[PDB]
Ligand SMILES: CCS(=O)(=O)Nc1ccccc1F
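Presented below, as structure tokens, is a lone chain in the form deposited without this ligand.
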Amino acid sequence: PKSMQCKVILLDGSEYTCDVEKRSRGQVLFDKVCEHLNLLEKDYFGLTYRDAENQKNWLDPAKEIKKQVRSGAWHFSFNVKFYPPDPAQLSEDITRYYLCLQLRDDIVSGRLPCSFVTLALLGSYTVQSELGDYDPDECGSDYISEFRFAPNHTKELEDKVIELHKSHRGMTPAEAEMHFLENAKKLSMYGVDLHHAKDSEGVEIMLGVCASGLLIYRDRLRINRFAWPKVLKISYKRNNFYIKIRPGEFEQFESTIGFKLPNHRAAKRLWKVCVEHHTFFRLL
């Protein structure tokens, strides 16, 4: 029974290696990684792999790993797939811990934009969670944390992290993690998966997929929002992604909004992440 080596980048940046039978479905590897992580609330998470073209794709747990990675290496990352709108309702602290690690990467990467003060506040909770109570013996006027807090670090940001860290004395790791999440969950790009697209006139837009619904970022003055209920149907055809928007009360006919994606693979990928978010947040 022939087994393939799998390498998974975990949210703390370490590498987990295991073997699965070469015909294994994605669920087999995902169960092994979740057991390694002692993670029970698995529904929010998934594995990603970088494709030929080098884009992120979700490993479909129901399909063979080999038919997804195809010609590529059996290398994956462990990621949050469904960002919970209210992390206080997750049943375990370890769930909220992995969500924090993902968000820290979202922030450092610049996928999750954040004000100066919110960067410093989030940072201060991570420090409290990881080092415990503020100690001046590891902080002179010239302190720079090992912790990556932002896409661009400044001395002013490091100073503000420490000022806020001083205010958290006696906070336990679970408590600082929950405060981290209460702030992060409110940011306007929290849990937003962004896809490049063109509208039906060829104007460059971004489509965001989130718990609540669908976002079209057009210029800056114009952001359209389609709550999942309002979206009656989606589909893709060639390089095109279409959404069918409910008639308001008293109108005879649904409207169709069409988008042009870079290629057929980008259209299908957007379609599948929309279906999955629609299914997930319709049950939540």
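Just count from 1 along the sequence shown to find any residue number.
Quick note: we don't show the form solved in complex with this ligand, though the next part is all about it.
Original post:
How would the site be scored, open or blocked, if this ligand were superimposed onto this chain using its pose in the entry with it bound (blocked means 3 or more ligand atoms within 2.4 Å of backbone or C-beta)?
Top reply: Answer blocked: 3 or more ligand atoms come within 2.4 Å of backbone or C-beta.
Subject >> in the entry with it bound, the residue from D86, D159, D93, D133 that sits within 4.5 Å of this ligand by heavy atoms >> reply: None of the other options qualify; the answer is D86.
Original post:
So in the entry with it bound, does any heavy atom of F259 sit within 4.5 Å of this ligand?
Top reply: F259: no, not in contact with this ligand in the entry with it bound.
Original post:
Heavy atom within 4.5 Å of this ligand in the entry with it bound: which residues of 28-46 qualify?
Top reply: Residue within 4.5 Å: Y44, and no other.
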